[PDB]
Every structure is written in structure tokens, then in C-alpha cells.
Trainee: 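Here it is, the structure, as C-alpha cells.
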Amino acid sequence: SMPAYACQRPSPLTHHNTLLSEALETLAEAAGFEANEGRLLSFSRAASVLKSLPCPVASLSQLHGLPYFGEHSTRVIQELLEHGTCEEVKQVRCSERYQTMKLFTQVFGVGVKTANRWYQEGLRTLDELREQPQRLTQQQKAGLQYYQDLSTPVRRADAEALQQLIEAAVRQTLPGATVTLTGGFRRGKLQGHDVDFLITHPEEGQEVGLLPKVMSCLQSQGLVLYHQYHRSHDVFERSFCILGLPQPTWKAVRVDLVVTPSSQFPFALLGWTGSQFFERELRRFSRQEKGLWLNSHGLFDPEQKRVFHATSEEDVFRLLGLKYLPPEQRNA
DNA sequence: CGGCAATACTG
DNA sequence: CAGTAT
DNA sequence: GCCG
Ligand SMILES: Cc1cn([C@H]2CC[C@@H](COP(=O)(O)OP(=O)(O)OP(=O)(O)O)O2)c(=O)[nH]c1=O
Ligand SMILES: [Mg+2]
Ligand code: NA
Ligand code: NA
């Protein structure tokens, strides 16, 4: 009795197989660095299964029946169960390649491809990357420029303060608008790499053109250090940026502002609350098991044999016939 | 053996 | 398009 | 890497 999709089972903040799941997630990460999203995904699913188990895996046989556990995931677990360590995992963690790809990929703007190219070229440090400025995307120039701040875990108190500045901004334009903290904090975490906010208003349309003015406002306060505006397919609805959060005298924080109509707020909240892996299993389950496709705006039937609406996340869970799981249980 | 979540922007 | 972000 |  272990549902296959992570959106069918609870995934709490703290569980009973930390050592084991971290081992699998390291392989998932390593595969990622080797550009194998297939293997990364499979390891990630096994790790997710472990986070869900009601108690620690004492015997290698408690694995029997558990989905997503092939020969490879199985050998790794077994090895940690007897000797309390896995060689494949330790060699990965100690290897020069894994350690560098990790360091490079935590720089905002740097992904696996860029990281690999730089690695193959013999580059090994952030300072080596800074010496070649006329090569870096603006996203990366920013990541390197505020590297220290962006690496410092964000605290709930930083999230609070930002919510104060955002709500004040929104208040200068749209009275009665609501700003909701999403992302990991909504899931109960104490830290994050950034802060996510979802804005909306009860009256449809009363929120159009909101973001630009909110940004213009933050801009006048001279807090915007970087930004990128998005528009769903001025007049943009999403803002991915870095703000100078005063308190050093200030600290740079990544912030993502999302403006959504209240008709589709339940889908916006659902997508932006995560976890990341939770979204994937959710959307995958929507398709592979329900012929429908889910996104940040709504649920859709390729064939207009049915249309969808929702008032809360609970509604969206009904439409997919999934037992509800509050934010805190989506840490997949 | 094919699929693996679904979108938006920069360069 | 290639690559990175959520 | 695991699955249908
Ligand atoms: C990266 C990513 C994220 N999401 C959703 C689901 C989560 C929210 C917030 O993202 P974040 O990585 O900060 O996640 P968060 O959980 O807040 O992590 P931190 O605590 O900040 O590290 O966005 C997604 O659908 N697809 C993706 O590829
Ligand atoms: Mg976050
Ligand atoms: Na990065
Ligand atoms: Na984010």
C-alpha cells in the first residue's frame, strides 16, 4: 500500500529515512550533472518514496512492493543498511567534478551546460569566472555579483519584512488586494533560497496591470537590483528579481512576484507552493492517469468534453480525485 | 523501448 | 535554437 | 533508471 505518484501520499517536513533519501538524491544530482534527466528523475522518485515511509527501513525486505525501486536504487540502500555507507555515493561526493558542478550551479544563472563547458575548460573557482566578464549573461553577472548574499539562506523574518514592503506597494494601487507567501515557507520550512509571493484580488480584472506599478514603486524606493518581467500567453504579470532588503547594512534576496486573477488563484497557489518535485508528479499524474493537463493557470481537457473551475486548492484536489494534502505534506 | 511537468525570457 | 528560471 |  504505497501509491506510485508523490501527490497521492503525504511527504512531511521531517521523515524517517533521511540518510537513505539523501544518498539517492545525491545520485539524482550527479545524474543531473551528467545531463541525464531520466536517471535523475528515477532516483528522485525513489528518494521521494523513502520520505513517505511511515518508519525507517530496517530490513532490505521492507523495500519489496515499494514502487520505483529498481536494481540500482536497491543496491545503494542495501549497502547503507549493512555498512552504513555507499561507495558509489562517496566517490561522487569526493570527486572533483561533482564538487565543482555543484559550486558552479548554485550561482544564479548557471545551469548544467554552462557549468560543464567551464569545467571542461579547466575552470575551478568563482573568481576564475569573474575574470571573464564579457562572456557572462546578465543573469550570471548578477549571480556572481551578489553571490554571498544569494547563498545565505533566507529566513522567515526576511520573508516577513519583504511581505511588508510588497503589501505596502500593492496598497498604493489596489486596495483589498491580497499578498500570499508561497514556496517552501508556506510548506513550513525555516529557510529558502528566495521568497515567493502570489498576489490577487476578489474582483476579476481589478488586478490587471498591477505588477508594473508595484515594480515602479519598489524602483522608486531604490530597492530593485535586478529583474526580469514575464507575460503569460509593459503589461507583465510575473517578476523574477533581486531586491536589496535593508536591515553590512543591506542584503540581496531573490524575490518572485506573481499576479494572478482570483478565478485561477487556486492553480497559481498550487503550482507556486511546491515542492518542485511535487509539481512534476502532480502534472505527470494529471496527464498519465487522467488525460488532463495541469499548469499554473488551470486544469484542461484537450477535448472540450469538460471545462474546469476552482475556489480553493481543495477543489483542485477533488477534480483530480486526490485526497487532499495540506502544504506541509507536499515536501516530495 | 519511449516518456519523463509545463512555461517564459535572455542571447 | 540553447540554456536557465520557476 | 524505472515503468507500461
Ligand atoms: C524550481 C521550480 C519550482 N516550481 C514551483 C514549486 C515551488 C515554487 C517556488 O520555487 P523554489 O525553487 O523557490 O522552491 P522552494 O520549494 O521554495 O525551495 P527553497 O526553499 O527556496 O529552496 O515554484 C516549479 O513548478 N518548477 C520548478 O522547476
Ligand atoms: Mg522558494
Ligand atoms: Na544556477
Ligand atoms: Na523561487
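Below, all heavy atoms of this structure are taken into account, side chains as well, without hydrogens, waters or symmetry copies. Numbers restart at 1 for each chain; the letters A, B, ... are given by sequence-line order, proteins then strands.
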Trainee: How would you label the contact of A/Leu294 with the nucleic acid (heavy atoms, under 4.0 Å): base, sugar-phosphate, or nothing?
Mentor: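 The answer is sugar-phosphate, as A/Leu294 gets under 4.0 Å only of primed atoms, P, OP1 or OP2.
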Trainee: Just call it for A/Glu37: base, sugar-phosphate, or nothing, with non-hydrogen atoms closer than 4.0 Å on any strand.
Mentor: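 No contact.
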Trainee: Let me know the distance between CG of A/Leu292 and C1' of B/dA6, rounded to the nearest Å.
Mentor: 15 Å
Trainee: Select from A/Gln139 and A/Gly38 the residue whose nearest nucleotide in DNA chain B is closer to the 5' end of that strand.
Mentor: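 Closest to the 5' end, via its nearest nucleotide, is A/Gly38.
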Trainee: At less than 4.0 Å, is any side-chain N or O atom of A/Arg238 found next to OP1 or OP2 of B/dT7? Yes or no.
Mentor: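 A/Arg238 to B/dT7 OP1/OP2: no side-chain N or O under 4.0 Å.
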Trainee: Taking OP1 and OP2 of B/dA5, is either one under 4.0 Å from a side-chain nitrogen or oxygen of A/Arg283?
Mentor: no
Trainee: Need one value for A/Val258: base, sugar-phosphate or nothing, where a base atom within 4.0 Å counts as base even if backbone is also close, heavy atoms only.
Mentor: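 If one applies the 4.0 Å heavy-atom cut-off, A/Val258 turns out to touch nothing in the nucleic acid.
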Trainee: Mind calculating the distance between CD (A/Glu279) and P (B/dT7) to the nearest angstrom?
Mentor: 12 Å
Trainee: Give a yes/no answer on whether the side chain of A/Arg287 brings an N or O atom under 4.0 Å of OP1 or OP2 in B/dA6.
Mentor: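 So the side chain of A/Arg287 is within the cut-off, an N or O lying under 4.0 Å from OP1 or OP2 of B/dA6.
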Trainee: Of the listed nucleotides (B/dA8, B/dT10, C/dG3), which one gets closest to any side-chain atom of A/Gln228?
Mentor: B/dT10
Trainee: If you measure from the P atom in B/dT7 to the same atom in D/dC2, how many Å do you get, rounded?
Mentor: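 Going atom to atom, P in each nucleotide, I get 29 Å.
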Trainee: How about A/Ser11 and A/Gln329: does a side-chain donor come under 3.5 Å of a side-chain acceptor?
Mentor: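 Their side chains do not contain a donor-acceptor pair, so the 3.5 Å distance test is not met.
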Trainee: Please classify the nucleic acid contact of A/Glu281 as base, sugar-phosphate, or nothing, using heavy-atom distances under 4.0 Å.
Mentor: nothing
Trainee: What about A/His72 and A/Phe43, are their ring centers closer than 6.0 Å?
Mentor: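 Yes - the distance between ring centres of A/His72 and A/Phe43 falls below the 6.0 Å cut-off.
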Trainee: Measuring only the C1' atom in each nucleotide, how far is B/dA5 from C/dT4? A whole number of Å is fine.
Mentor: 16 Å
Trainee: Applying the side-chain contact (heavy atoms from CB on, under 4.5 Å) test to A/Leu144, which of A/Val110, A/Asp127, A/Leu126 qualifies?
Mentor: A/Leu126
Trainee: When the distance from CH2 of A/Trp272 to P of C/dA5 is rounded to whole Å, what number comes out?
Mentor: 13 Å
Trainee: Rounded to whole Å, please give me the gap between CZ in A/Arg39 and P in D/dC2.
Mentor: 9 Å
Trainee: Provide, to the nearest angstrom, the distance between the CD atom belonging to A/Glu29 and the P atom belonging to D/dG1.
Mentor: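 Going from CD in A/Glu29 over to P in D/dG1 covers 17 Å.
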Trainee: Heavy-atom count around A/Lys113 NZ within 6.0 Å, excluding the residue itself: above 12?
Mentor: no
Trainee: Side chain of A/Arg45 sits in which groove, major or minor (5.0 Å cutoff to groove base atoms)?
Mentor: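 Answer is minor; other groove empty.
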Trainee: If the cut-off is 4.0 Å, is A/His230 near the phosphate of C/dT4, judged by side-chain N/O to OP1 or OP2?
Mentor: no
Trainee: Report the nucleotide, chosen from B/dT7, B/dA8, B/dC9, that has the shortest atom-to-atom distance to any side-chain atom of A/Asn295.
Mentor: B/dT7
Trainee: Describe the nucleic acid contact of A/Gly70 in one word from base, sugar-phosphate, nothing, applying a heavy-atom distance below 4.0 Å.
Mentor: sugar-phosphate
Trainee: Rounded to the Å, how far apart are A/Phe43 CZ and D/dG1 P?
Mentor: 6 Å
Trainee: To the nearest Å, give me how far apart CD (A/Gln288) and P (B/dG2) are.
Mentor: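 A/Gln288 atom CD is separated from B/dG2 atom P by 16 Å.
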Trainee: Does a side-chain N-to-carboxylate-O contact under 4.0 Å join A/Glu313 and A/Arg330?
Mentor: yes
Trainee: Side chain of A/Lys113: nearest nucleotide among B/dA8, C/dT4, B/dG11?
Mentor: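 Closest nucleotide to the A/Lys113 side chain: C/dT4.
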Trainee: Quickly work out the A/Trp293 CH2 to B/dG3 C1' distance and round it to whole Å.
Mentor: 18 Å
Trainee: Less than 4.0 angstrom from a charged side-chain N to a carboxylate O is my criterion; do A/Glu121 and A/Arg135 meet it?
Mentor: yes
Trainee: Can you find a side chain N or O atom of A/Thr114 that sits less than 4.0 Å from OP1 or OP2 on C/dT4?
Mentor: yes
Trainee: Contact class for A/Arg284 (heavy atom, under 4.0 Å): base, sugar-phosphate, or nothing?
Mentor: sugar-phosphate
Trainee: Please check if any side-chain donor atom of A/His297 sits under 3.5 Å from a side-chain acceptor atom of A/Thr260, or the reverse.
Mentor: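 No pair is found: no donor N or O on one side chain lies under 3.5 Å from an acceptor on the other.
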Trainee: Which listed nucleotide (B/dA5, C/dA5, D/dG1) is nearest to the side chain of A/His72?
Mentor: D/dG1
Trainee: Could you tell me whether the phosphate oxygens of D/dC2, OP1 or OP2, come under 4.0 Å of any side-chain nitrogen or oxygen in A/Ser73?
Mentor: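 True: A/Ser73 side-chain N/O within range (under 4.0 Å) of D/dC2 OP1/OP2.
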